[PDB]
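Protein chains get the first letters and strands the later ones, always in sequence-line order, with residue 1 at the start of each.
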Protein chains: 2
Amino acid sequence: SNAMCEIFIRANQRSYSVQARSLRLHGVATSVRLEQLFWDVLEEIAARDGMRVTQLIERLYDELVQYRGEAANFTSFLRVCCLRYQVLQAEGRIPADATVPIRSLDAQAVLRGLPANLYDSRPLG
Amino acid sequence: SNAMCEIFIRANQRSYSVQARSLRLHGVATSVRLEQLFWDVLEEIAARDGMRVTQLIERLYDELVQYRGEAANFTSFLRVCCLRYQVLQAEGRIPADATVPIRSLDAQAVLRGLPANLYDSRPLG
């Protein structure tokens with residue numbers, strides 16, 4: 001009944017259906033159930049740096065285990081990967097352009113001065 | 001091990017913890033379970049238009065029922081609302097300025113020519 005309703009209600013219906021995909025994480029079969037739009041965004045992220053989505057996810061798992069000791073709430077973490085990717089693009093911290101690989105960026109520049117709910121200040125090893 | 005790992009692995013840990021809130025959906029108190037960053041984003045969306053987050057969600061529910069006949073997958077829908085809000089800010093279709101009401105916008109301009117996974121073509125009533 002207003003522009004806000006119009007913009008939000010008119011999501012593509014399939015974009016918020018949930019799809020299960022199988023992945024091998026630290027060698028073990030695992031279930032990741034994500035809303036389709038989140039799979040779509042993870043596929044975009046992977047493509048940006050010339051990776052298959054499954055390889056991007058396996059690498060994220062590997063690194064999350066090293067950073068936190070384990071990879072708890074991994075599906076929720078992937079959701080937040082998608083959301084943060086778009087926040088960072090909206091803020092112009094990551095260029096909103098597919099040809100610039102994320103691996104070419106300066107992560108301390110990308111993350112510096114963000115609100116505290118948007119990142120962990122502890123650097124990766 | 002690279003800038004992409006650094007950016008993604010270093011999410012705020014609480015941002016992807018799930019926190020339940022109780023919402024009144026067509027008269028029924030219902031527990032909605034969302035990762036903290038989604039709650040944060042829904043609160044910003046509500047604030048842009050001078051709404052309390054609970055009223056935003058209730059109005060969304062009301063309008064989704066009217067549009068689709070029911071509000072199936074409602075928690076998934078709310079996650080996709082947050083993701084699309086950020087996608088549209090990244091695309092420059094919604095101003096990335098949290099003081100400009102979404103209701104200020106021309107929804108037709110916002111949605112025009114988007115990727116097909118980002119919207120439904122049928123206009124609201």
Side-chain angles (χ1 to χ4, degrees), chain A residues 1-18 35-38 40-41 45 49 59-60 63-64 67-68 73 76-77 79-92 94 96 101-108 110-111 116-124, chain B residues 1-18 35-38 40-41 45 49 59-60 63-64 67-68 73 76-77 79-92 94 96 101-108 110-111 116-124:
Chain A
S1 49
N2 60 54
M4 197 178 204
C5 294
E6 190 91 37
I7 286 156
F8 285 113
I9 297 295
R10 290 178 47 199
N12 167 264
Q13 186 165 17
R14 179 177 165 275
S15 73
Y16 62 98
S17 64
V18 176
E35 292 81 2
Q36 192 61 44
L37 191 55
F38 291 78
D40 293 344
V41 172
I45 295 166
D49 285 74
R59 283 171 159 157
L60 288 166
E63 287 291 324
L64 180 67
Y67 189 62
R68 306 216 176 271
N73 307 322
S76 284
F77 170 78
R79 284 194 181 105
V80 163
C81 286
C82 297
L83 193 55
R84 291 177 69 250
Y85 176 64
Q86 300 296 347
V87 167
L88 295 170
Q89 288 193 132
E91 285 196 16
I94 290 177
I102 311 299
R103 282 186 293 186
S104 81
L105 305 174
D106 179 353
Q108 279 302 81
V110 170
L111 298 172
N117 62 325
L118 280 174
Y119 86 120
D120 191 317
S121 55
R122 173 169 61 96
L124 284 197
Chain B
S1 42
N2 60 54
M4 185 180 208
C5 298
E6 191 95 28
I7 286 159
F8 286 117
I9 298 294
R10 291 170 56 187
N12 169 298
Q13 193 175 10
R14 181 192 301 274
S15 73
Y16 62 96
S17 70
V18 170
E35 294 80 358
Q36 187 54 59
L37 193 61
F38 292 106
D40 294 344
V41 170
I45 293 173
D49 284 75
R59 280 163 164 167
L60 286 167
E63 287 285 326
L64 186 59
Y67 186 58
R68 304 271 189 217
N73 304 326
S76 289
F77 173 74
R79 290 195 181 100
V80 163
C81 287
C82 298
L83 184 59
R84 289 174 74 258
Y85 168 66
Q86 297 299 339
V87 169
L88 296 162
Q89 290 188 129
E91 284 266 286
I94 288 174
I102 306 288
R103 290 186 291 180
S104 294
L105 305 177
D106 170 354
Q108 207 202 318
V110 172
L111 301 172
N117 64 341
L118 284 181
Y119 79 121
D120 253 34
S121 58
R122 182 181 71 259
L124 295 197

In the structure I gave you, are the side-chain heavy atoms of [X] and [Y] within less than 4.5 Å of one another anywhere?
{"X": "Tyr119(B)", "Y": "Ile7(A)", "answer": "no"}
{"X": "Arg84(B)", "Y": "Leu37(A)", "answer": "yes"}
{"X": "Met4(B)", "Y": "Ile45(A)", "answer": "yes"}
{"X": "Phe8(A)", "Y": "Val80(B)", "answer": "no"}

Using only atom types and a distance under 3.5 Å, with no angle test, would you say the side chain of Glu6(A) pairs donor to acceptor with the backbone of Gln108(B)?
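Checked: no pair found.
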Segment of [X] engaging chain A (4.5 angstrom heavy-atom cut-off):
{"X": "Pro123(B)", "result": "both"}
{"X": "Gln13(B)", "result": "both"}
{"X": "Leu88(B)", "result": "side chain"}
{"X": "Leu118(B)", "result": "both"}
{"X": "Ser104(B)", "result": "neither"}
{"X": "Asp40(B)", "result": "side chain"}
{"X": "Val87(B)", "result": "both"}
{"X": "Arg59(B)", "result": "neither"}
{"X": "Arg79(B)", "result": "both"}

Spacing of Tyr67(A) atom OH and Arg10(B) atom CZ [to the nearest 0.5 Å]:
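Between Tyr67(A) OH and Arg10(B) CZ, I get 5.5 Å after rounding to 0.5 Å.
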Taking everything shown except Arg14(A) itself, do over 12 heavy atoms lie less than 6.0 Å from its CZ?
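Not buried by this count: 12 neighbours or fewer within 6.0 Å.
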Out of [options], which one racks up the most heavy-atom pairs below 4.5 Å with chain B?
{"options": "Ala90(A), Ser17(A), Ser15(A)", "answer": "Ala90(A)"}
{"options": "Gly92(A), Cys5(A), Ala11(A), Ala3(A)", "answer": "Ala11(A)"}
{"options": "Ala116(A), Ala96(A), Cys81(A)", "answer": "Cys81(A)"}

Counting heavy-atom pairs under 4.5 Å with chain A, which one of [options] comes out on top?
{"options": "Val41(B), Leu64(B), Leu83(B)", "answer": "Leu83(B)"}
{"options": "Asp106(B), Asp49(B), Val18(B)", "answer": "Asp49(B)"}
{"options": "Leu60(B), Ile102(B), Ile94(B), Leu105(B)", "answer": "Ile102(B)"}
{"options": "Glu35(B), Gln89(B), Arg122(B), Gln36(B)", "answer": "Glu35(B)"}

Measure distances from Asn117(A) to the heavy atoms of chain B and classify the residue's part below 4.5 Å as side chain, backbone, both or neither.
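Both parts, heavy atoms under 4.5 Å.
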